[PDB]
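Given as structure tokens, the chain that follows is alone and in the form deposited without 2H-1-benzopyran-3-carboxylic acid (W55).
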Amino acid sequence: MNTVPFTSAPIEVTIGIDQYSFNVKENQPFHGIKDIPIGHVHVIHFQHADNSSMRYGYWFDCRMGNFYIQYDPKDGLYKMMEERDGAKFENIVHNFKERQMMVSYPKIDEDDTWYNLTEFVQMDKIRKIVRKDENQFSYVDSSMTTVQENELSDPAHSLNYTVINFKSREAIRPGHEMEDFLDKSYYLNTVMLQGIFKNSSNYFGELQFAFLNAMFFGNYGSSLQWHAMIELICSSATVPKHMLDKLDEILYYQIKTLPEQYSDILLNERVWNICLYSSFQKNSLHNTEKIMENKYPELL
């Protein structure tokens, strides 16, 4: 079990760790988060009390280093940093635990939610979508635009998701115009899976990361990417059976975790109705269709 200590909490802020969150008051004696499960990526995120504009946060993996948070009064935000001196870090943490100034990652033992939302998400892949090679952790916020959004403006602060465009020469083989547009299997299986992602695990990892950035930061380009990656699978007539079964599980847990009150903005009516009721895979997503119908029947 790993720990992310905080130097201090000088401004009132709502702090998230994965799907959990808690409020810290201005100058409250808060010194971090303990008992964080090893084996998963994690995200620690922030919304200031005085300006809910800009949710921001950091993706990290405690196996890759010792990380802590410190407020910067000049740039006005909570920054993640790496401590290289390992005995300095252990001594800081042990002292903060002895004084019980830390919240405990509050995982229920029965509960596999976070695993199920991050099953295929890897830090190494995150660091290629979010490019800042001098850090082992990755900053994301509400406002960051994607490479594709920038094509349709600061490239260093962009989310470099894989570009998917159904009316593109990459998507459409010369001479198979109708075939490839109406059945996207060659774009899914040859162009994207064999060519770009190499395997379905990496495809699912980017899909899951895009969903999480949409949900935790309200990042609009991430929501676009999540729906595009769902739509590319649902609009393919030929999909490996193992990917369909896994996709159904992935989406089930995403829809289950989505705040009931954010559905209006994080779910695209067209994509979901097409995917569940019109597409080739309209009958292959039983778990996802059942939770959607019981939880969001208005959208449909």
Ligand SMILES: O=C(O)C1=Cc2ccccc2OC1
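Just count from 1 along the sequence shown to find any residue number.
Quick note: we don't show the form deposited with 2H-1-benzopyran-3-carboxylic acid (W55) bound, though the next part is all about it.
In the bound PDB entry, no heavy atom of residue 183 sits within 4.5 Å of 2H-1-benzopyran-3-carboxylic acid (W55).
In the bound PDB entry, 2H-1-benzopyran-3-carboxylic acid (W55) sits beyond 4.5 Å of every heavy atom of residue 191.
By the criterion of a heavy atom within 4.5 Å, residue 83 is counted among the residues contacting 2H-1-benzopyran-3-carboxylic acid (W55) in the bound PDB entry. Taking a 4.5 Å heavy atom cutoff to 2H-1-benzopyran-3-carboxylic acid (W55) in the bound PDB entry, none of the residues in 131-153 make contact.
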